[PDB]
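**Q** Structure in structure tokens, see below.
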Amino acid sequence: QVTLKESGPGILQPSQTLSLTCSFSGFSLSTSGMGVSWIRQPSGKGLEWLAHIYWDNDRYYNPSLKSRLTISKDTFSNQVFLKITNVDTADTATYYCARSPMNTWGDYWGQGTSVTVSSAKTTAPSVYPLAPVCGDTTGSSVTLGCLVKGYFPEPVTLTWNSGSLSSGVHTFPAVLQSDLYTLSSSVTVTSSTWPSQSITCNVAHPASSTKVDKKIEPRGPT
Amino acid sequence: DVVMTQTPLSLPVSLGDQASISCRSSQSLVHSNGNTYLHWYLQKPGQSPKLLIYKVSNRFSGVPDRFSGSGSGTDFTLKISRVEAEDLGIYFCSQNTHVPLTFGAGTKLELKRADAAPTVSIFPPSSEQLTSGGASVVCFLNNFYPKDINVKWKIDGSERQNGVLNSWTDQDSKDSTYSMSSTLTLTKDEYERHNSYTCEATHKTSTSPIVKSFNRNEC
Amino acid sequence: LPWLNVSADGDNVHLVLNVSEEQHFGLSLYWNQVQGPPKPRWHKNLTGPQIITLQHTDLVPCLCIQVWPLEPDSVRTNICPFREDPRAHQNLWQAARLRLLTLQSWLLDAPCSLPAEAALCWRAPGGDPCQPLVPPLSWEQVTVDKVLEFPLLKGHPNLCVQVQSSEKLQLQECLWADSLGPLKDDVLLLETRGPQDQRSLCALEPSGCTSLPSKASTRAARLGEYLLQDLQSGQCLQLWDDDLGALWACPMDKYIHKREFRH
Ligand SMILES: *[C@@H]1O[C@H](CO)[C@@H](O)[C@H](O)[C@H]1NC(C)=O
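Quick note, the sequences are listed as chains A, B and C, same order.
Here my numbering is used: the first residue of the first sequence is 1, the next is one more, and so on.
Here my numbering is used: the first residue of the second sequence is 1001, the next is one more, and so on.
Here my numbering is used: the first residue of the third sequence is 2001, the next is one more, and so on.
Okay, structure coming up:
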């Protein structure tokens, strides 16, 4: 089968050079008509084509990024490269290489490599319990939450009761608040479960080597 | 650049239904060699795009007969005959007639189910956050259908737009519902100036919005 | 007639004047057209029969002869033997010129005054023949030493003024070549207006007129949606406006950097 695998540093600072490698098998760039393209996709956004190289070393670039891109290959090593100079936050994306022969452009894609460009420093999250407003629950169910605020970089892992509480859980995708990420998770249990039984969210941020356990406590008076 | 206008952006379907996706280009995709380099791709979560149709109507290797492409010049259509669970994902059109190569924004093919009102829950700032000098008010809008929903924040009955951060889950694989988190971030000084905090959800399941509120003075 | 004969066989033109050996007569050669203030004239008091020799290059349809016996108050006889001669009409057009007085004012200068029709033409940068714009325009009558008033909104280096007579092309003066020249790579758009809010946009291409938007691989059809936008955005130059038509010159330099991917 045709297989392509992208590699490169996961995090860079603005103005640095991004060096990407596409290592492939199942085809050769010595084959007449063969080509390889690089494409990127910012999270939840559309795809943006970057550059293309054919077996004869004819190269094509996205005109808007042209001066910052360099595509090249090593046929003997079954590799294609992309150099992006002077990176900035807009270069944060998943980068894909795709086999692109003359008749079928982008017919096989690699699984991609994630790249984050930011000036943010490693920051451990602040983990806050979200208990309902002070007052005894009258409903059959109760919703609790966990707010994971101001961390960099991604990811964080979040579990409830060390993974033993998995049903009725909604862990929301992280979003950027300036330079830092924020995510939240909700858990819904029966009112006969909480507060009579312990509910704790377990947050790990491997990048800062931080692990926080926040027990959700009923709120008291102000 | 050749703009690829894809419609609809969201396509709810039932399994076994037919789905139609349109792609319109800003200029003709007919190359000087006479070919039309319009492609269709499918991308699944955590996965890379897979080529479905190349040159308007040619099915790529292994692509089922249920996928068909048609059109010419600037107007193109992808038709999916008997939608299966494995077809759910984001469909995009692409052109490689012109440099730069461009793509549509994508059509999310999602599952249809009966309408479900959101379960709305509001949370005041934690004592720990307030000690830090910050004040986030969180609202969860959980397990609703359809995905279209509006959240309005009110402070002492007055609408607040600034400092609102929203996040949405993808459609649930088991109950086909959507969930949303809306966080209003204020300074603790701003929080300490007002009493009532309200999260209002506008959803097609109610003519009047679902309102969840709390008063900063508790128990 | 029995006194004048013509011989174009001596590689020159001969006027054989068949009169008696004793005949005294006045002979005058003229160009039958209003010339203005006193000019020197071609005149000869003779004693016939004579053979007046002319050059094939002097021949014009209004070249006429005036004869009269040298008697007091004798009547003058006029004959125009070149009225329908092919060579005369050939030379006539070689010597004719079209000029600009104002953008909306043109003047025809010719030795003789024949019926003629004029209309605007569109020259493409690729050497290919100058295509006239009939329709939406029409061949209007042009009279020698009389003003031709066309409602040309703007001059264009690609526009030439064409002149026909006996339904044949004789003149092609590209009036805006030295003033506004050289040829611009602008697409000409021809919207033909009619009944029921009708307006059909067409693009004058080397290979005929193509209606827009079109599915072709031809430059203007491919750019159809863009050209229709330039026009609506007012980036196109209006050359002519009418109750049932409009002409537009759309520059293509904005698409000069657009390239296709290789296949
Ligand atoms: C021609 O002859 C008449 C007399 O018959 C004379 O009056 C006239 O001047 C002559 N023309 C010229 C050019 O001398």
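All C-beta atoms, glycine included, are put in the ideal place defined by N, C-alpha and C.
1. Could you tell me which chain A residues have their CB closer than 7 Å to the CB of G1106(B), listed as they occur along the chain?
2. Which residues have their C-beta within less than 5 Å of a heavy atom of ligand 1, listed in chain order?
3. Using a Cβ cut-off of 8 Å, which residues of the region 1053 to 1079 of chain B contact any Cβ in chain C, in chain order?
4. Could you please give the first and the last residue of the uninterrupted beta strand (DSSP E) stretch that includes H52(A)?
5. Note down the Cα distance separating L4(A) from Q177(A), rounded to an integer number of angstroms.
6. So with CB distances below 9 Å, who are the chain A contacts of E1218(B)?
7. Please report how far the alpha carbon of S1213(B) lies from the alpha carbon of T123(A), in whole angstroms.
8. Compile a chain-ordered list of the residues in the region 48 to 60 of chain A whose CB is closer than 9 Å to at least one CB of chain C.
9. Could you tell me whether the Cβ of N103(A) comes closer than 9 Å to any Cβ of chain C?
10. Any idea if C1199(B) is buried or exposed, counting beta-carbon neighbours within 10 angstroms, 16 or more meaning buried?
11. Figure out for me which residue from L2120(C), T2053(C), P2195(C) has the closest Cα to the Cα of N2012(C).
12. List, in order along the chain, the chain C residues whose C-beta lies closer than 8 Å to that of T1097(B)?
13. How about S126(A) and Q1018(B): are their beta carbons less than 9 Å apart?
14. Taking a contact to mean a Cβ-Cβ separation below 9 Å, would you say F1103(B) touches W38(A) in this structure?
15. How many whole angstroms separate the CB atoms of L2092(C) and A2110(C), which I take to be in contact at a CB cut-off of 8 Å?
16. Counting only C-beta atoms, is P125(A) closer than 9 Å to chain B at any point?
17. Can you pull the DSSP bridge partners for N2005(C)?
18. When DSSP builds the beta bridges, which residues end up paired with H170(A)?
19. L1038(B) versus chain C: which residues are under 8 Å apart at the beta carbon?
20. Closer than 7 Å by beta-carbon distance: list the chain A residues that pair up with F1103(B), in chain order.
21. Is the region 128 to 147 of chain A close to the region 51 to 71 of chain A, with three or more CB pairs under 8 Å?
22. Run through the DSSP bridge pairs and tell me what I1122(B) is partnered with.
23. Report back the beta-carbon spacing between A1117(B) and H1203(B) to the nearest angstrom; my notes put them in contact at under 8 Å.
24. Can a CB atom of chain C be found closer than 9 Å to the CB of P63(A)?
25. Mind reading off the beta-carbon distance from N2158(C) to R2199(C)? Whole number of angstroms is fine, and I expect it under 8 Å.
26. Smallest Cα separation from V1002(B): which of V1099(B), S1208(B), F1123(B), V1137(B)?
27. At a Cβ threshold of 9 Å, is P1125(B) touching chain A?
**A** On the basis of the data shown:
1. Within the second sequence, numbered from 1, the residue matching residue 1106(B) stands at position 106. Within 7 Å Cβ-Cβ: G46.
2. With 5 Å as the limit between CB and the heavy atoms of ligand 1, the residues that fall short of it are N2045(C), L2070(C).
3. So the close ones are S1072, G1073, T1074.
4. Position 52 of the first sequence holds residue 52(A). Per DSSP, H52(A) belongs to the beta strand (DSSP E) from 48 to 54.
5. Taking the first residue of the first sequence as position 1, residue 4(A) is located at position 4. Taking the first residue of the first sequence as position 1, residue 177(A) is located at position 177. Between the alpha carbons of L4(A) and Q177(A) lies a distance of about 34 Å.
6. Counting from one through the second sequence, the residue named residue 1218(B) turns up at place 218. Those within 9 Å of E1218(B) in chain A are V133, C134, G135, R219, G220, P221, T222.
7. Taking the first residue of the second sequence as position 1, residue 1213(B) is located at position 213. Taking the first residue of the first sequence as position 1, residue 123(A) is located at position 123. Rounded to whole angstroms, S1213(B) and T123(A) show a C-alpha spacing of 33 Å.
8. Considering only beta carbons, the part of the region 48 to 60 of chain A lying closer than 9 Å to chain C consists of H52, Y54, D58, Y60, in chain order.
9. Stepping through the first sequence from its first residue, residue 103(A) is reached at position 103. With 9 Å as the cut-off, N103(A) counts as an interface residue toward chain C.
10. Along the second sequence, one-based indexing puts residue 1199(B) at 199. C1199(B) is buried by the Cβ-count criterion.
11. Indexing the third sequence from 1 puts residue 2012(C) at position 12. Comparing Cα-Cα distances from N2012(C) to each of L2120(C), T2053(C), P2195(C), the minimum goes to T2053(C).
12. Here residue 1097(B) refers to the residue found at position 97 when the second sequence is read from its first residue. Result: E2260, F2261.
13. In the first sequence, the residue the question calls residue 126(A) occupies position 126. In the second sequence, the residue the question calls residue 1018(B) occupies position 18. No, Cβ-Cβ distance for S126(A) and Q1018(B) is not below 9 Å.
14. Here residue 1103(B) is taken as the residue at index 103 of the second sequence, counted from 1. Here residue 38(A) is taken as the residue at index 38 of the first sequence, counted from 1. Cβ distance not < 9 Å, so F1103(B) and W38(A) don't count as in contact.
15. Within the third sequence, residue 2092(C) is the residue found at index 92, counting from 1. Within the third sequence, residue 2110(C) is the residue found at index 110, counting from 1. Your pair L2092(C) and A2110(C) checks out as a contact, with CB atoms roughly 6 Å apart and the cut at 8 Å.
16. For the purposes of this step, residue 125(A) is identified with residue 125 of the first sequence, where counting begins at 1. Chain B places no beta carbon closer than 9 Å to that of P125(A), leaving this residue out of the contacts.
17. The count along the third sequence starts at 1 and reaches residue 2005(C) at position 5. According to DSSP, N2005(C) bridges with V2016(C).
18. Position 170 of the first sequence, counted from the first residue, corresponds to residue 170(A). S186(A), per the DSSP bridge assignment.
19. Here residue 1038(B) is taken as the residue at index 38 of the second sequence, counted from 1. Result: empty, since nearest Cβ-Cβ is about 12 Å, beyond 8 Å.
20. Taking the second sequence and counting its residues from 1, one reaches residue 1103(B) at position 103. Close to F1103(B), with beta-carbon spacing below 7 Å, are these residues of chain A in chain order: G46, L47.
21. In short, these stretches do not touch, since the Cβ pair count stays below three.
22. In the second sequence, residue 1122(B) corresponds to position 122, counting from 1. Paired residue(s): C1139(B).
23. Your numbering for residue 1117(B) matches position 117 in the second sequence. Your numbering for residue 1203(B) matches position 203 in the second sequence. That belief holds up - the Cβ atoms of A1117(B) and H1203(B) are roughly 6 Å apart, short of 8 Å.
24. Counting from 1 along the first sequence, the entry for residue 63(A) is found at position 63. Answer yes: the Cβ-Cβ gap between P63(A) and chain C drops below 9 Å somewhere.
25. If you number the third sequence from 1, residue 2158(C) lands on position 158. If you number the third sequence from 1, residue 2199(C) lands on position 199. That pair is no contact at about 23 Å.
26. Walking along the second sequence from the start, residue 1002(B) turns up at place 2. Nearest option by C-alpha distance: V1099(B).
27. The count along the second sequence starts at 1 and reaches residue 1125(B) at position 125. Answer yes: the Cβ-Cβ gap between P1125(B) and chain A drops below 9 Å somewhere.
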